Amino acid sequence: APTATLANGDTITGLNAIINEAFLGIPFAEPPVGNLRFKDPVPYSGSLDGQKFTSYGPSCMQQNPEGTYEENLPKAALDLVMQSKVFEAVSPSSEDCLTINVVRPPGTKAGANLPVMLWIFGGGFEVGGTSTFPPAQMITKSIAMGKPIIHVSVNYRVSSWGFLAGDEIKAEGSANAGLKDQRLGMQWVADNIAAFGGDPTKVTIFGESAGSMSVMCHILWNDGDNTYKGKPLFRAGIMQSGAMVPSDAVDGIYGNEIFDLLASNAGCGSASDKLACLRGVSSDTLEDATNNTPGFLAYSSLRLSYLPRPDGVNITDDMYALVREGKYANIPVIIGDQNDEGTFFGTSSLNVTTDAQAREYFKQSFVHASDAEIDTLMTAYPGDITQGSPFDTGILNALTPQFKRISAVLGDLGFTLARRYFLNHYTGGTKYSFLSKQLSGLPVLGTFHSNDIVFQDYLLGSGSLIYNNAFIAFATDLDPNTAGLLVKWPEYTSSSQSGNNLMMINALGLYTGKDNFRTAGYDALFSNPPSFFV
């Protein structure tokens, strides 16, 4: 029933889900298979005329989050699960996965010109798909608010398939393939969304975790030039847990070690041209070799095997330097965090129980950090269990004498304080920041990383006021205050500003606070950002 005529004259049919109309699985690029592997996406050249788009297509190949060159139970078990016919059935994945999904309010028509919210999923740049982030909660609330929006989601390559680095990839001009996938989808939205009733000039990009860092990367792309055919690709961005990526260049030391490890694993350790050898191995072999490099939940943790890295061409430099140097798109932004962002990552090093061990783990993790810096870091984040994350839980959650400490460091460097650094240097437009404490008291994890996904897509809670309502008003009017919330969200100018600069959330509701916590950790970490790059 639902129909749309694209920018090339093709008329496609979607699905009527009663509460919304959706067009799922629209191919936006030519399948990145064979010799197209690891390469930039090629625009989809073909005809969709007469086709129905009523189901999500498969996700891109996934990597075992517990993957590693080592052997163990978590790895073995997840592999058992991931290769199961039942898993392969409920959650299909493939190298041919570059599709886009359009979901809208019922009765929407071409010319409606509704604001567009483009979702970029998070999955540690190693797993993930669009199908697991239902847009219905957001769409329904938008209608109820009288501020209807259209939800767009894009599949992008993850893990080795989307983020392979090293000397060969650099020389070839193929770095950050997964981000390029996201970029093409944006371009597809500019060219076709009007046919669906969206306004290509009212696009707000948003993601969580890896998707959020992806949003920051888009703000930094091509030194801030976000135009396509003369017009900006998006008027705003919402970053849920994640800002700049703390990483070395594509041809840096870890980018290359990982490339070589994967090559040995696929049986290309002897190839004169390892990259050409990698294009020739079957999907099985490649999936296997990849599952034998660390996953984001493995001991390596934050020191990820695959993630966005500066390439000197599309992301021209260290991401912290670009932000300092003003090389970003000038747009209004919302960027927030959950109180306890690092408790998940802290679960990866529960065999680290003494301070001597904590010092070596950090040393292993941050190869560019001097002993002085490691020592400053370990003073800024003391062993005192009352000081760590879950924050403000006293002597509880002492899985080990280092869990709370390690959880505090990782969540701050990767998200929470990284956000403050951005906020303190960004002048491209109005800023709004939030800190959630909605799940205070939840054992072991606290107000954990990802909980916002629940309250944005699955259940309603005090947080939904922000994750849905406030986010909908911002995409529509560029001011979250138009949502008519009882607590006015203050503009964030600086972390040193007087007065509350943070919207906050607790189980009962909203309130405002200050972004002045853990200042010693901020300076321990960000006085010279490159000391803690991976």
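Between two forms, the rigid core is defined as the largest C-alpha subset superposing within 1.5 Å. All residue numbers are counted from 1 along the displayed sequence.
Of 85-93 and 207-215, the stretch whose C-alpha atoms sit farther from the shown form in 7 other deposited structures of this protein, after fitting on the rigid core, is 85-93.
Greater average departure of CA atoms from the shown form, over structures and residues in 7 other deposited structures of this protein after a core fit, characterises 71-79 among 71-79 and 165-173. For the two regions 105-113 and 286-294, the entry's Cα B-factors average higher over 105-113.
Stretch comparison (403-411 versus 221-229) by mean CA B-factor in the PDB entry places 221-229 on top.
Note on the listed residues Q63, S47, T68, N469: the highest Cα temperature factor in the record is that of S47.
Between the residues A29, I505, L465, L486, it is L486 that shows the highest Cα B-factor in the PDB record. For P58, the recorded CA B-factor ranks within the middle third of the chain. Only modelled residues enter the ranking.
When the modelled residues of the chain are ordered by C-alpha B-factor, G513 sits in the lowest third. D311: CA B factor in the highest third of modelled residues in this chain (values from the PDB entry). Sort the modelled residues of the chain by CA B factor and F87 lands in the highest third. Ranked against the other modelled residues of its chain, the C-alpha B-factor of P390 as given in the entry falls in the lowest third.
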